[PDB]
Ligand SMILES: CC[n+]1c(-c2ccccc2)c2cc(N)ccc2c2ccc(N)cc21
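We begin with a single chain expressed as structure tokens, specifically the form solved without the ligand.
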């Protein structure tokens, strides 16, 4: 025999008035009585129990329309409904976990590039391996490589990492080049930021790595003159100390910013493994 106005229900069940009017229009939760003259909504006490399901399902993210079918299932079916919710949550969990790990890897590589000792100077450090996915360069060289060239690689990596690669790589035979027009890339590649199985990789792609070891490295902001100059520094560094190269030259490029406004600028790093 006790009835409540929309405001009272709102204060009692901690649900906004607008939400009550909406659930009314949606036919999810309608007032027991509507005054035909004022259109005022009135609710009964026993009815409040229905807001328990609605609030709990809202808390777990169930869409309103699906709530309508939830209040129609039996306690047994509701049990299963929750089982399904757990499955989805475990699915959300590992997605966030993987993402949490990926982000951490990105920051690690990001910091490493911000902590670089100096630009335009050859350094010899002990590197850890870098997992990559590569494909033959098809005759492409430093002057004609395009972002579009990495299209097939990015698709695969995006399908397993989600976080699209930010670094673009290429490799070439270590030679005493006297001109850029003399060099041709062997492979182009993109590092993989995840260990998630890849969805049926075609044979024209190879999963491999930049092996851990001692590397002669040099980093700098790209410019045609810098590219040539720094490559020659690397070559001279190796000849001067008669070092022995045991891998191709690895070239990684990463933009310094992604602003469509500012003049584009890229960071380049060349590495060559030595005995």
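Numbering follows the first chain given and starts at 1.
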- Note on the structure: Between 65 to 73 and 51 to 59, the record assigns the higher mean Cα B factor to 65 to 73
- Message: Which is higher on mean Cα B factor in this entry, 112 to 120 or 146 to 154?
- Response: 112 to 120
- Item | Of the residues 170, 198, 132, 140, the one carrying the largest Cα B-factor as recorded | 198
- Chain thirds of CA B-factor: placement of residue 30: middle
- Message: Lowest, middle or highest third: which one holds residue 268 when the chain's residues are ordered by CA B-factor from the entry?
- Response: lowest
- Query: By its CA B factor, does residue 38 count among the lowest, middle or highest third of the modelled residues in the chain?
  - Reply: highest
- Third assignment of residue 127 from its chain's C-alpha B-factors: middle
- Item | Chain thirds of CA B-factor: placement of residue 190 | middle
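This next part talks about the form deposited with the ligand bound, which is not shown.
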- Task: Please work out, step by step, whether the site is open or blocked: first superpose the C-alphas near the site so the ligand is positioned as in the entry with it bound, then count ligand atoms within 2.4 Å of this form's backbone or C-beta atoms (3 or more = blocked).
- Result: open
- Message: Only one of 145, 124, 198, 78 gets a heavy atom within 4.5 Å of the ligand in the entry with it bound. Which one?
- Response: 145
- Message: So the ligand isn't shown here. In the entry with it bound, which residue out of 12, 253, 19, 256 has a non-hydrogen atom within 4.5 Å of it?
- Response: 253
- Message: Since only the chain is shown here, I'm wondering whether residue 150 would be in contact with the ligand in the entry with it bound (any heavy atom pair within 4.5 Å).
- Response: yes
- Query: Is residue 156 close enough to the ligand in the entry with it bound to count, meaning some heavy atom within 4.5 Å?
  - Reply: no
- Message: Within 4.5 angstroms, counting heavy atoms, which one of the listed stretches 64 to 72, 238 to 246, 219 to 227, 22 to 30 is next to the ligand in the entry with it bound?
- Response: 219 to 227
- Message: Going through 18 to 32, which residues have a heavy atom within 4.5 Å of the ligand in the entry with it bound? Please give them in sequence order.
- Response: none
